[PDB]
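Novice: The sequence isn't on hand, but the structure is:
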Ligand SMILES: [Au+]
């Protein structure tokens, strides 16, 4: 039932200006988006832009994906993001993260009809 497009929304969208949280944004968000349920997802990026602006990237700069597929796209403008990376002390089920806020060009893999973001590949 969860589509690839919905999965990208759950894993990566957080439309707001920038990270807001009552406590460590990554620890709160990784848990709340279910990214610590089955393992500690080790790296994950949230994007603080509108869905439309993220979706439009699928029509922007065609770039190779890290895995060698050719269906990746880089945003022409920088976007507000937050990068979550597991700490050394993190051990599932007590997942723990370092929060890095940034303004970078995103790279997403797009798939489907409609052609929409389904994976977050890199920020540059
Ligand atoms: Au640039």
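Specialist: Nice, thanks for sending it over. Numbering: from 1, shown residues only.
Novice: Residue 121: which element?
Specialist: strand 116-123 (DSSP states H and E).
Novice: buried residues in that strand?
Specialist: 116, 117, 118, 119, 120, 121, 123 (16 or more other C-beta atoms under 10 Å). Every C-beta, even on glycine, is put in place using the N, C-alpha and C of the backbone.
Novice: just stretch 83-100 next, same as before
Specialist: 83, 84, 86, 90, 95, 96, 97, 99.
Novice: before we move on, the earlier item: wait, which of the buried residues of strand 116-123 is closest to residue 45?
Specialist: residue 120 (5.2 Å; C-beta to C-beta).
Novice: quick one: the closest one and residue 10 touch, right?
Specialist: No. With contact defined as C-beta atoms under 8 Å, residue 120 does not reach residue 10; the gap is 11.8 Å.
Novice: ok so, going back, which residues are contacting the strand holding residue 121?
Specialist: 4-5, 7-8, 11-12, 44-45, 47, 54-55, 57-58, 65-66, 72, 81, 83, 102, 104-112 (C-beta atoms under 8 Å, 6 or more residues apart in numbering).
Novice: 7 Å - rerun?
Specialist: By C-beta atoms under 7 Å, 6 or more residues apart in numbering, the residues outside strand 116-123 that reach it are 4-5, 8, 12, 45, 54-55, 57-58, 65-66, 72, 81, 102, 104-112.
Novice: Stretch 98-112 now?
Specialist: 4-5, 18-19, 24-26, 47, 57-58, 63, 65, 69, 71-75, 78-85, 87, 116-124.
Novice: With stretch 16-34 instead?
Specialist: Stretch 16-34 is contacted from outside by 10-11, 36, 41, 44, 46, 48, 80, 82, 84, 95-99, 101, using C-beta under 7 Å, 6+ apart.
Novice: Assign the residue of the chain most remote from its centre to one of the three secondary structure states.
Specialist: Ranked by distance from the centre of the chain (C-alpha atoms, centre = their mean), the top residue is residue 89, with 22.6 Å. Using DSSP: H, G, I helix; E, B strand; the rest coil, the structure places residue 89 in coil.
Novice: Many thanks, we can stop here.
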